[PDB]
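Using mature numbering (1 follows the signal peptide of the UniProt record, and there is no 0), the letters of the sequence shown correspond one by one to residues 80 to 268, 280 to 1400, 1412 to 1437. As structure tokens, the structure follows; a few thoughts come after it.
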Amino acid sequence: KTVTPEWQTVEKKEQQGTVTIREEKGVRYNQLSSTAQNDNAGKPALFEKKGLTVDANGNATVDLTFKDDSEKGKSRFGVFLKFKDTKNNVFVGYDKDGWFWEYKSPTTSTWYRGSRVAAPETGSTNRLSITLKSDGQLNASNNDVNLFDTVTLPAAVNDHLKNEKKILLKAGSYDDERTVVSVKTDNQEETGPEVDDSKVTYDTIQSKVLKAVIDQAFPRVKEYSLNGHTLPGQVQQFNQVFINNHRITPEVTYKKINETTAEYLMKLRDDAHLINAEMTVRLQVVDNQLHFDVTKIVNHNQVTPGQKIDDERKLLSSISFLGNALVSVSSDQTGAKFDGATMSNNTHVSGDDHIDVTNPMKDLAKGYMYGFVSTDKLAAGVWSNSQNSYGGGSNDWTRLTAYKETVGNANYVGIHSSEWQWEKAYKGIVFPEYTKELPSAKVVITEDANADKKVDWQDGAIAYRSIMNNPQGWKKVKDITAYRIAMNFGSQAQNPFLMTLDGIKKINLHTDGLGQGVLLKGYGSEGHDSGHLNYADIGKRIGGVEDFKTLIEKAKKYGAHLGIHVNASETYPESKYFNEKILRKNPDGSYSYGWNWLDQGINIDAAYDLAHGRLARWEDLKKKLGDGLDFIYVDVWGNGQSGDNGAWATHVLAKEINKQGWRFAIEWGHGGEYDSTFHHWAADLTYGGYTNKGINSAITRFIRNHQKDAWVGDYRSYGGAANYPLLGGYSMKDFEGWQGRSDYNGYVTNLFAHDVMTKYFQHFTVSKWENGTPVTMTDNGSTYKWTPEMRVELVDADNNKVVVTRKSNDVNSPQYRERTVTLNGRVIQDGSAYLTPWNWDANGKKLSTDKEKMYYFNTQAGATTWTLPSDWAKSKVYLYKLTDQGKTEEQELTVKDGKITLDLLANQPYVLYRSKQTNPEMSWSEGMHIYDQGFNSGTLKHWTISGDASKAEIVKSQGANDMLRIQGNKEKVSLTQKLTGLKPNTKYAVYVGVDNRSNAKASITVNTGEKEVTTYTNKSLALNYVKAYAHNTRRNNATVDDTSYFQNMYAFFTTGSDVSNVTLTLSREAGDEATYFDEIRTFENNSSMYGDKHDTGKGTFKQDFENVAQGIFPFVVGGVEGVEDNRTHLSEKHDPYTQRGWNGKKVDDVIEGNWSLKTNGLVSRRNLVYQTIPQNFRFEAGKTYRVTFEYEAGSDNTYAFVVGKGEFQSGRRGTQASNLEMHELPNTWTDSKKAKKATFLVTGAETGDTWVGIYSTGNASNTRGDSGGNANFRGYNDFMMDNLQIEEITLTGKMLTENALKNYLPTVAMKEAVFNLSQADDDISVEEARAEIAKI
Ligand SMILES: [Ca+2]
Ligand SMILES: [Ca+2]
Ligand code: NA
């Protein structure tokens, strides 16, 4: 008997309730109760379970079954996640009035308005799921009912609770009322009507191999028979359908077209429900398949896609043959069994049902995705194109429904097609024709199909592949081994298109031609989460359409497939397609705001969007890009931001995308089961926790493992299916920016550790799946039982046979986590090492004999011996070490009676070949006008060095990222290349990224043949805080000593008519310390900032922001939010939406022209938002300048103009905030219709060291009674700059007193000292000036 509670009250004396163990009905519980000495505010009864705690990766999951034992309407229950205290937490729970979320923190505390799901009824049983992630993405469901739309915690709120690991249940009291809930513990230790065929007239259609007995009155199969064996269809007559969810007995006329084909015309009429249609069903046998097809529908009501309709009831919306089993099995038959699959993304809970059809037996009426019935002799499987959904979770994608039906002494289980869809409409407007897809289902019948001398669901599964749908593009999945995100954000152009080609080339070498998948996140507009919906708006700062086309063409040669990250759920005002009609509104007419980051977005009504030309937008992208693109990754879709993102809506989206020739990929793992080939939740193992991963179904994975990356990969933490799956499963990493990750070594290692074998298996189809003994595990706050897979067999078109076997059934054994793989009887993997053949090129084509190869990888040291196949056995054999320079350290191995022994470096890939091989010339950085732009070629030979060439060399950053370094040179060292492929008489920009730790001059110089422009830096003084950038200052990316001061150094120039002798020169003067360079980028640019001219030179400096090459030049982003997707960027005009007045917006996004420099929401941070650095603009020693700009600010004194010098807050004297010269700026709308103008006099410190910038003060903003998105959208918390001008002048005392006057007047309008300033002597000295101004 159990005396041990799974739950206990917390230790805080006053937050204590009463835990008690209670065993009632079948089940055991722990009853949590509140007491008299509790309340619902500071001192509620809190409870706590060992293990239940935010996971290593910062995701909180709760999956709690319970029942409410409180008096009806008297309960206040919920879960606290990431709990710090009563006023610092996230909460999901209910009260009288239903389910809500709520969060509390200094910055922001609110809860859920908007209609709630009703609270649980007393005693009813509740399966609660809650997820809070690292994104701050909160979702919850109760008994598979979504409780609310996804909420994302704001940056401020999430950052504060990021570290909190507490997960508590709350039970609150109020006066006499108490909360009492019983949580379900982990530990818990026939007749029916007979048939009457007397009036039925049957018929038979038959192929060579399959015969089906069919009714002449209604399209139903009585039985099938293959090779004398039988399976029933629908034994009892049911001559009724459901149209628009209404029961209707059709008027049917029948006609047999030929021996294989019969068809029925079916009239459907119900005046009371405005039904008046006819349809033609066709039943056809082909080989061993029965095809059920509605071949024609006619709605006699008048309906026209695109046109509005007066009464949605006149549409023929849904057709249901539910009640007619397409195939079934009888408990009278031997081996009677049904097996089905339902959606599960919980690594602990399989989604599969395995039911013996017996009499007696349990009720069965359930939706399924895949379904099979089998006897001892035959198996059948059913397919349907139904996009029915019975609900969320396991009720979704339920294209089949299985039913128990008692007929006489027999229990039948039959598989029916779920409801079909047809004419649908949104707010009266009928959807486009292409949304309609004629209903269709198929049955396949099979004898043994995997030669194990028994007939079960697996035999159905094998047969099922010839009737099922297949995700468009699925054939490519096998050979995409290296997926990766290349990211751009905030006008920064972190990963230009042509530059991505270098990374493709790099991986090509290190993997010896394995296939790649690069997802361009921020390909459009300014980057990621900018200009959503305008899919055709390829981003100009990363190379425009021209470069994106080049990237696609040249990537083919390396098996690099490209995709783009899009969003069909949300848009920002900047966008072209942004417009009030497309926006989503709540019942009360307020906007459904999306997330606030660069700008505050607004959700869109996807239904409206579909009804109003969304297809046009895909076709524009296609017209713009042309052929070449592989896939489209649709972010967000699934979270209900944009409304209905169900099976039906998702199918329609996928068809739009597919129709352009593109593959479909989604974020959601629940999502797009019918069409997707890639799910981020499945692929990125460390994200969302154990309940948000891939499809946990042996049946589904059996069927489709080779077609998509959608499965449960290896992640020991998550347990269950995730504890070393035998088929592996794609595990993703990256090094080109995503989530601040730019470490290259770990990318390749992971690739061989997990993905090579995962992809090997995808070159075969599963044919046998054998499970072992149930085993007990304990993780993520529970103890649960799990049946692992023990043996999987796969097969090939050419009869090759792979056999994967787990080396132990014992979960405590380490060999539980080990497998052996045999190819045709021969061992290719055992435990930590494998030696796999790989006989396919990057694009999956068969490699020619002479190019066939094997890969070796071993996660430990130690010798391993391998038997060679017959065609390698009597041969020479060469081992190569694979590095970022390709094949290295060639080594002839010794073969000994068909065996070789490898004793090599652990976690290092090697490739074996039958003959000597060489690496090819990569043509690095091609199209970028320079060779090896990022120093990946292992050599500086291409550079003309001048000086002591030993003082320059390529070195690796702390992120394994190659860089040029010059150091310890006692004389000038310089490296020169000629710029290639330039256009005559054309304006250009070039930058090299530079991080200079020496005071010595580090310079970039272009010489056009007609002119020479130069730009230089001394010791760098600005840390790099751009999260998506390779050389930001995170440890894993730091240059050296855990810091990075990398910033782009520019030179602007113009070619003359002769381009044959344009050279670029990086150089460094004498110094001991190091300068590091990386990433030389040269590109067309039409700015003119230097005395109204383009070329770098003397003259007044002006930035109107209209022709910025990249970034926020001459500023660089500061440390105000640490290394981050910085919330300062170039904002784009789209009038009226981005300007004053629209939706109550208080300030302009763009002050003049089409572009301005916008900061969003960074108020009250006490830190530098951005600053100049000397290499972008140098305030020269002793000279005085007049800095001038126009600006908008939505609150008084939230942002300030600052003059500083040296490295800000570097711990050196006077680099502190106090010591900056600071000018707080007032708001620009309360008393003005346009941006105000600022003027400052700045004199360069003698250390050549000075800079100016914008600082976020400690003052609070003033949102004028607004809040939420309204507050964000309207710019109370924003700051915009435009029309910068810096101009050298002659400092004089008078000059100072005049500028002071202008700066002190605004105070005077709400004195005598200031009047006296205005009549200061024309020749006041700078001293007396400062004297007087100080006294004001
Ligand atoms: Ca079999
Ligand atoms: Ca402008
Ligand atoms: Na923007």
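Quick reminder that beta carbons are idealized off the backbone N, C-alpha and C, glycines included.
- Task: Can you tell me which of the three DSSP states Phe-754 falls into?
- Result: strand
- Query: Taking just the CA atoms, how far does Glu-660 sit from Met-1139?
  - Reply: 36 Å
- Return the bridge partner residues of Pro-927 from the DSSP annotation. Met-944
- Anyone know if the C-beta pair for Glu-1336 and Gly-1383 falls short of 8 Å? no
- Task: List the whole-angstrom C-beta distance separating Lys-1117 from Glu-1214, where the pair is believed to meet the contact cut-off of C-beta under 8 Å.
- Result: 5 Å
- Message: What does the Cβ neighbour count give for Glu-349, buried or exposed, with the cut at 16 atoms within 10 Å?
- Response: exposed
- Across which residues does DSSP place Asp-602 in a beta bridge pair? Its beta-bridge partners do not exist; DSSP assigns none.
- Task: Check whether the Cβ of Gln-330 lies closer than 7 Å to any heavy atom of ligand 1, and answer yes or no.
- Result: no
- Message: Following a CB-centred definition, is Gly-1272 positioned closer than 7 Å to any heavy atom of ligand 2?
- Response: no
- Would the region 115 to 131 and the region 89 to 106 be scored as touching if the rule is three or more Cβ pairs under 8 Å? yes
- Message: Between the alpha carbons of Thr-1347 and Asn-735, how many angstroms are there, rounded?
- Response: 42 Å
- Query: By the 10 Å Cβ neighbour count, where 16 or more other Cβ atoms means buried, how is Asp-453 classified, buried or exposed?
  - Reply: exposed
- Nearest-angstrom Cα distance between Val-1084 and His-1121? 10 Å
- Message: Taking CB distances under 8 Å as the criterion, tell me whether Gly-483 reaches chain D.
- Response: As a matter of chain content, chain D is missing from the structure shown, which is built from one protein chain.
- Output the distance between the C-alpha atoms of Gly-634 and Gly-653, rounded to the nearest integer angstrom. 16 Å
- Item | Close Cβ partners of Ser-857 (< 7 Å) along its chain, the five nearest in sequence each way excluded | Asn-540, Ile-552, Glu-883, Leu-884, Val-885
- Message: Quick test of the definition: if touching needs 3 or more C-beta pairs under 8 Å, does the region 1290 to 1309 touch the region 1339 to 1354?
- Response: yes
- Task: Look up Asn-1059 in the DSSP assignment and say whether it is helix, strand or coil.
- Result: strand
- Can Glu-979 be considered in contact with ligand 2, in the sense that its beta carbon sits closer than 7 Å to one or more heavy atoms? no
- Hey, how far is the Cα of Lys-1073 from the Cα of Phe-1173? 10 Å
- Query: Apart from the five residues just before and just after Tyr-1394, which ones in its own chain have a Cβ nearer than 8 Å to its Cβ?
  - Reply: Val-1415, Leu-1418, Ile-1437
- Message: Closer than 6 Å between the C-beta and any heavy atom of ligand 1: which residues qualify, listed along the chain?
- Response: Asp-538, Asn-540, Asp-542, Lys-544, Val-545, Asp-546, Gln-548, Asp-549
- Task: Can you have a look at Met-459 and say buried or exposed, based on whether 16 or more other CB atoms are within 10 angstroms of its CB?
- Result: buried
- Cα-Cα separation between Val-1277 and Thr-1333, rounded to whole angstroms: 10 Å
- Query: Under the rule that 16 or more other beta-carbon atoms within 10 Å means buried, what is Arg-1055, buried or exposed?
  - Reply: buried
- Query: Exposed or buried, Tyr-970, counting other C-beta atoms within 10 Å across all chains shown (16 or more means buried)?
  - Reply: buried
- Item | Cβ neighbours of residue 1403 in the same chain (closer than 6 Å, five flanking residues each side left out) | No atoms of residue 1403 appear, because in the chain residue 1400 is followed directly by 1412.
- Item | Extent of the continuous alpha helix (DSSP H) to which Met-1385 belongs | 1383 to 1398
- Message: With three or more C-beta pairs closer than 8 Å as the rule, is the region 145 to 154 touching the region 196 to 203?
- Response: yes
- What residue from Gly-1189, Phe-1205, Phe-1143, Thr-1095 has the CA that sits closest to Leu-1113's CA? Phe-1205
- Candidates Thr-1076, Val-158, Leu-913: which alpha carbon is nearest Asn-1176's? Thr-1076
- What separation, rounded to the nearest whole angstrom, lies between the Cα atoms of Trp-876 and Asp-900? 12 Å
- How many angstroms separate the CA atom of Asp-287 from the CA atom of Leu-380? 22 Å
- How is the beta strand (DSSP E) around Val-236 delimited, first residue to last? Per DSSP, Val-236 belongs to no beta strand (DSSP E); it is in the alpha helix (DSSP H), 234 to 240.
- Message: I believe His-1224 touches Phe-579 by the beta-carbon criterion, under 8 Å. Please report the beta-carbon distance rounded to the nearest angstrom.
- Response: Not really, about 20 Å apart at Cβ, beyond 8 Å.
- Message: By DSSP's criteria, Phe-382 is part of a beta bridge. Which residues make up the other side?
- Response: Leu-373, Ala-531
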